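Asker: first piece of the complex, coordinates kept as in the full assembly:
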Amino acid sequence: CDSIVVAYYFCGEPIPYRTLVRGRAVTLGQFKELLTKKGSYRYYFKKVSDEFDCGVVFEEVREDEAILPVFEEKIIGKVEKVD
């Protein structure tokens, strides 16, 4: 296994965009390179959270060097345009 599945829902759209990334670990900045549209966005990723009752959160990630959480083996991101 030399890869990870990276899917994100984009600016509201219902069908998420899916791609494979070589590495087993992905950073925000790598994820940012898959995006095609310029502008200001916030990025969230499903992550398990003991501290929440329905198990899941969308963790906001901000720093490029940061390693994105993995939910059930995949990276599930939400990309939201600001404003």
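Answerer: Good, I have the coordinates. Numbers count the residues shown, from 1 in each chain, chains lettered A, B, ... in the order given.
Asker: just confirm residue A:57 is within a helix.
Answerer: No. The assignment for residue A:57 (DSSP: H, G, I helix; E, B strand; the rest coil) gives strand, which keeps it out of a helix.
Asker: and the helices in chain A?
Answerer: In chain A, the helices defined using DSSP state H lie at A:28-31.
Asker: any idea how far the most far-flung residue of it relative to its centre lies from residue A:8?
Answerer: Distance from the C-alpha centroid of chain A peaks at residue A:53, with 21.4 Å (CA atoms, centre = their mean). Relative to residue A:8, residue A:53 is positioned 25 Å away (criterion: CB to CB, to the nearest Å). Every residue, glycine included, has its C-beta placed from N, CA and C.
Asker: please slot chain B in as well:
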Amino acid sequence: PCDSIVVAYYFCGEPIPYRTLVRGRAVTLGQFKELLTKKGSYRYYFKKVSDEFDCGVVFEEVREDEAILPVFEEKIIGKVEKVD
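Answerer: So, slotting chain B in with the rest:
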């Protein structure tokens, strides 16, 4: 399978530059800024060819941080200066 970039910067004149690899194709000032360990006010320059003259490439000052750093001969060569 090329998947990451070399980022070296000279830090306040200390000759020996600090070297690291960054995953991805291109790097922004803000990502570069996350590799730095010391707090404070700094300016940042990066080698990158100019179309002026002798012994000449430039050190381009970058400040935005969603700005994509120039690449000199395939690497990112930065100069980090503390504002005195």
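Asker: quick one on the thing from earlier: measure the residue farthest from the centre of chain A to residue B:57 for me?
Answerer: Counting by CB to CB, the gap from residue A:53 to residue B:57 is 58 Å.
Asker: ok and the residue in chain A nearest chain B?
Answerer: Going by CB to the nearest CB, chain B is nearest to residue A:64 of chain A, at 3.7 Å.
Asker: would you agree that residue is in contact with residue B:35?
Answerer: No. Between residue A:64 and residue B:35 there is no contact under CB atoms under 8 Å: 9.9 Å.
Asker: higher neighbour count, the two?
Answerer: The neighbour count for residue A:64 versus residue B:35, taken as other CB atoms under 10 Å in any protein chain shown, is higher for residue A:64 (22 against 16).
Asker: include chain C too:
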Amino acid sequence: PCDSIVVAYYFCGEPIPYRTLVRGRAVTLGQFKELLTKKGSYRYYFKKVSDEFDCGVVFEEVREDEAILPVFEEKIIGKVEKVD
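Answerer: Placing chain C onto the earlier chains gives this:
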């Protein structure tokens, strides 16, 4: 729309000049002085057209800083020398 000016200076003899863009139409010595990172006593010169001979052009010494820096072929080319 234009918006900015290119400001490059050679610093203490270092060959590779440092390059930045400055917002606005024209730049003053005092604005130029704010780009500099190192403290101390310096003199500042800028290429500019001249009406004297051999190699055609001069380095005008500027000191006021309310003064507007000359523009050589659309850019500001400065020489910064530490007073030794």
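Asker: quick one on the thing from earlier: for the residue farthest from the centre of chain A, give me phi and psi.
Answerer: The phi and psi torsions at residue A:53 (degrees, to the nearest 10) take the values phi -70, psi -30.
Asker: go on, residue A:15?
Answerer: Recorded main-chain torsions at residue A:15 are phi -80, psi 110, according to degrees, to the nearest 10.
Asker: dump the residue contacts of it.
Answerer: By CB atoms under 8 Å, 6 or more residues apart in numbering or on different chains, residue A:15 lies in contact with nothing.
Asker: show me what contacts residue A:3?
Answerer: Contacts of residue A:3 by CB under 8 Å, 6+ apart are A:20, A:21, A:22, A:23, A:24.
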